Amino acid sequence: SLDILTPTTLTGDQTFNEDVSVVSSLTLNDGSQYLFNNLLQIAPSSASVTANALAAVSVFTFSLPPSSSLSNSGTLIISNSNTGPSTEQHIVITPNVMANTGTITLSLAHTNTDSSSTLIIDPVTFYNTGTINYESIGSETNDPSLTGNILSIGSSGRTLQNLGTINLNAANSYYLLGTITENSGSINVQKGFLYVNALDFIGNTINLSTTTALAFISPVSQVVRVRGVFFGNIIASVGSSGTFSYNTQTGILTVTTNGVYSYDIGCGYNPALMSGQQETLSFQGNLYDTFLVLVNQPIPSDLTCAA
């Protein structure tokens, strides 16, 4: 219905009850509320949508509700320059279908936790062969360790077909609540901690940067592929009385608390250098005893396992 065929810039709050097809570039400025209630189609790859929150205002909402559908082969940027402990934002991407073969970038200046913000990616169906980014354009410090403003991906019982890349590079923490699938996908934890509380975790590789962490709140039956493991990061597993073992032939790290967690970290690690310790983590406002594994060594030069 609404077709953007020439570079367009719109001002103020926007509520799209029509299907929106963008083949050029659409820019949304000076609005505290951007709503796409039906189709939002961005194609071909050179097309783009950029939603800029109104500056120096209290609340910001970007919404793709369950009535909507997202089909992006170009570039969708959601940017909010508002920052500070009183910031309230609601970036709620919950379309019936979320199909991305291009780039989606969440670019926020308010990345600290708070009491009231929501950052949600939880459609019914999730399809990503491109790149989804969460980046910071702020400089906030002194996080209050609250439960709001934590990017939460998926939900219990729904799946996420991640054939491409999810880049997490903005905040102290992120939550993965849905079931990831597809063998080619990667989740890159470039800053902060990733907490996983999901029914299963299939196919993807979790790549940890330095001074990041992966924490599984509940064990999954799948072996979880994690790469980048070295003295700069850790894998945490919820539960008390933690023990662990590393198999040099398969490259699999097995952690046992009250449940069994299995991580494929690669071959080449020396198990005699590894150690573990009990700590306490916070997840969705509750404290959990957690067993941490520190490999205490660099990434091996060759991660391949013997046949």
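Residues numbered from 1 in each chain as written, not as in the entry; some residues may be left out. Heavy atoms only, no water.

Method information in the entry identifies X-ray crystallography as the source of the structure, with 1.85 Å recorded as the resolution.

Draft legend 1. Just the pattern of salt bridges, in detail. In total, this model carries two salt bridges according to the counting rule given. Taking the shortest distance from any N to any O, the salt bridge between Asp122 and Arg158 comes out at 3.4 Å. Of the two residues, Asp122 is situated in the loop between strand 15 (118–121) and strand 16 (125–128) and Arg158 in the loop between strand 18 (151–153) and strand 19 (159–162); the sequence distance between them amounts to 36 residues. Accessibility expressed as a relative area gives 30% for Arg158, which makes it partly exposed. When the shortest N-O distance is used, the salt bridge between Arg227 and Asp264 registers 3.2 Å. (Salt bridge = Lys/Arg side-chain N within 4 Å of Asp/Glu carboxyl O. Helix = DSSP H or I, 4+ residues; strand = E, 2+ residues; numbered from the N terminus. Buried < 20%, exposed > 50% of the residue type's maximum accessible area, 1.4 Å probe, protein only.)

Draft legend 2. Structural view of the UniProt feature "disulfide bond" in the chain. Here the UniProt disulfide linking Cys267 with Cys305 is intact, its two sulfur atoms sitting 2.0 Å from each other. One end of the pair, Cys267, is in the loop between strand 31 (260–264) and strand 32 (275–283); the other, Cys305, is in the segment after strand 33 (286–294), with 38 residues separating them in the sequence. Among the residues examined, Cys267 registers a relative accessible area of 3% and is labelled buried. Among the residues examined, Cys305 registers a relative accessible area of 35% and is labelled partly exposed. (Disulfide = S-S within 2.5 Å. UniProt positions renumbered as here; feature names shortened; annotations may be inferred.)

Draft legend 3. Structural detail: the layout of surface pockets. The volume enclosed by the largest pocket comes to roughly 440 Å³. Along its surface, the largest pocket is lined by 28 residues, and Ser173, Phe193, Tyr195, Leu281 and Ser282 are the ones closest to its centre. Going through the elements one at a time, strand 21 (173–176), strand 24 (192–196), strand 26 (212–216), strand 28 (234–238), strand 32 and strand 33 are the ones with two or more residues in the lining of the largest pocket. Here the residues of the lining of the largest pocket are counted per class, giving twelve nonpolar, 14 polar and two charged. (1 Å grid on protein atoms, 1.4 Å probe; cavity = no way out; pocket = protein on both sides within 12 Å on 5 of 7 lines; lining within 4 Å. Points joined across faces, edges and corners; volume = space filled by probe spheres on them. Nonpolar A, V, L, I, M, F, W, Y, C, P; charged D, E, K, R; others polar.)

Draft legend 4. Highlighting the pairing of strand 15. Alternating residues of strand 15 divide into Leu119 and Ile121, all buried, and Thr118 and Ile120, none buried. Bridge count between strand 12 (residues 88–93) and strand 15: four bridges; the pairing is parallel. Looking at strand 15, one finds that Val92 is bridged to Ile120. Relative to strand 18, strand 15 runs parallel, the two being bridged by three bridges. In the strand pairing of strand 18, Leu119 is matched with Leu151. (Pairing = 2+ DSSP bridges.)

Draft legend 5. View of the state of the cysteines. Taken as a whole and assessed by the stated rule, the structure comprises one disulfide. Disulfide pairing is shown between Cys267 and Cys305; the S-S distance is 2.0 Å. When the S-S torsion is 105 degrees, as for the bridge of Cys267 with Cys305, the disulfide is right-handed.

Draft legend 6. Region of the structure containing the sheet that holds strand 13 (residues 97–100). A sheet is described by the order of its strands in space; here eight strands give the open sequence 1-4-7-10-13-16-19-22, paired in parallel fashion. The open sheet is flanked by strand 1 (2–4) and strand 22 (179–181), the only strands paired with a single partner. Across the sheet, the mean angle separating the axes of adjacent strands is 10 degrees when strand polarity is ignored. (Axes fitted to C-alpha atoms, helices over the stretch in contact; angles between N-to-C directions.)

Draft legend 7. The arrangement of empty space enclosed by the protein in detail. A complete count under the given rule lists two cavities of 30 Å³ or more for this structure. Considering only enclosed or pocket space, the largest cavity measures out at about 110 Å³ in volume. In terms of lining residues, the largest cavity is bounded by 13 residues, among which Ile121, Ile132, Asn133, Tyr134 and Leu151 are the most central. Looking at the lining of the largest cavity, the elements with two or more residues in it are strand 14 (103–108), strand 17 (131–136), strand 18 and strand 20 (165–169). Of all the elements, strand 17 adds the most residues to the lining of the largest cavity, at three residues.

Draft legend 8. Looking closely at the sheet that holds strand 21. Spatial strand order, 3-6-9-12-15-18-21-24-26-28-33-32: twelve strands in an open sheet with mixed pairing. Of all strands in the sheet, those with a lone pairing partner are strand 3 (14–16) and strand 32, marking the two edges. Adjacent strand axes in the sheet meet at a mean angle of 20 degrees when their direction is disregarded. Direction of pairing for strand 9 (residues 59–64) relative to strand 12: parallel, over a ladder of six bridges. Residue pairing across strands places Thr61 opposite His90, the latter belonging to strand 12.

Draft legend 9. Representation of the nonpolar core. Residues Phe62, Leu194, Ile206, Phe216, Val226 and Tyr263 are the most contacted members of the largest nonpolar core, which totals 81 residues. Residue contacts for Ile206: discarding those within four places in its chain leaves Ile187, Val189, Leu194, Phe201, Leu214, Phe216, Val224, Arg225, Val226 and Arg227. (Core = buried A, V, L, I, M, F, W, Y, C linked by side-chain atoms within 4.5 Å. Contact = heavy atoms within 4.5 Å.)

Draft legend 10. Region of the structure containing the pairing of strand 14. Counting buried positions along strand 14 gives five out of six residues, so the element sits mostly inside the fold. The pairing of strand 11 (residues 75–80) with strand 14 spans six bridges and is classified as parallel. Bridge assignment links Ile77 to a residue of strand 14, and that residue is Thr105.

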